[PDB]
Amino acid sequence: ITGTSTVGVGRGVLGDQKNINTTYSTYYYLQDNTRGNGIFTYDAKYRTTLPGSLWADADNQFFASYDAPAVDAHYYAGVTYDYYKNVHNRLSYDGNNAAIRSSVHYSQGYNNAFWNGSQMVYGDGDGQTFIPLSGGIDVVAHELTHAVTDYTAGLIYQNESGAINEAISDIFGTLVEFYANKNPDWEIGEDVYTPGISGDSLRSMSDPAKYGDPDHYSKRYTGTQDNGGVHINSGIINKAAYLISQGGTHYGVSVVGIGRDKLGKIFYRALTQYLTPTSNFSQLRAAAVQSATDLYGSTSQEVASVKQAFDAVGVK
């Protein structure tokens, strides 16, 4: 809508207070005009009809419990935009400042979030397995990163290319969490998963096997569930990313860590320059090795750690 840019305040899902960019025109709307062609957050109103209604508020304060998921979807979309802009010089997911749109209160008791080809969508969870999913910065950045992937490499959501697609979303979700310094870790979804139970998460990058995901290629899932294991086999790549950044010894192979910034630059380059829609794990290794060579030279430590890390997870 057309109006005056202003700043509202509200409380997110975890009860923290934050300022959000709004637009005023009779009502205050969750429309942030400060970022690209805008960030827009919608109320799906417990239905499945998308996007629903652009979020309107009478007084520019967002402290109702019903408001909380909209506050975080709006705020964390902004943070994720800032990460791609400031760190990788990328303007929104398409590179040309496309409007970022999210809907919250999707369906009833819905324990997931997704990118639907055009926008992000967040369920409220059922209160036991999940609380509203936009509460996790790593979840929000995970979903938006699918948009970045679709516009760059175009990784198919199937089999190994699909597991690469998922891993890229976990990797950048985690790097965004670190960038925002929101109690960061190498776990996925810990902030919104099983509110009754502390210390768990949906997936682990530092140790995938903790929740039964493979941490080595010899352990890959080869069946048909989960589109050929796109959320399961991503563990193999997630462990590799973790090793490249943090270092460690895994199945007897030692890896010297090169840090998160370099992990990010290497994988952003592989994604936007060398990956293709049908890329498999072996090609991801080649892409990532070629990216580190481009950036740091063929005899650098950075190329060596990338090779070490893929060796460690059995990807040749």
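Quick note: we count residues from 1 along the sequence shown, nothing fancier.
Engineer: Can you let me know which of the two, 68-76 or 126-134, has the higher average C-alpha B-factor in the entry?
Structural biologist: Stretch with the greater average CA B-factor: 126-134.
Engineer: Test of understanding: from the entry's C-alpha B-factors, which stretch has the higher mean, 136-144 or 215-223?
Structural biologist: Stretch with the higher mean C-alpha B-factor: 215-223.
Engineer: Out of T174, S107, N238, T194, which shows the largest CA B-factor listed in the entry?
Structural biologist: Reading the PDB entry, the winner on C-alpha B-factor is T194.
Engineer: Which of these, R101, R90, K210, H231, has its C-alpha atom at the highest B-factor, as the entry lists it?
Structural biologist: The record points to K210.
Engineer: Can you work out whether the C-alpha temperature factor of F114 puts it in the lowest, middle or highest third of the chain?
Structural biologist: Its C-alpha B-factor belongs to the lowest third of this chain's values.
Engineer: Where does the C-alpha B-factor of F178 rank in its chain, lowest, middle or highest third?
Structural biologist: It belongs to the middle third of the chain when residues are ordered by C-alpha B-factor.
Engineer: Can you tell me which third, lowest, middle or highest, the CA B-factor of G189 falls into for its chain?
Structural biologist: Middle third.
Engineer: So where's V303 on the chain's Cα temperature factor ranking, which third?
Structural biologist: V303: CA B-factor falls in the highest third of its chain.
Engineer: According to the PDB entry, is the CA B factor of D82 in the bottom, middle or top third of its chain, that is, lowest, middle or highest?
Structural biologist: Lowest third.
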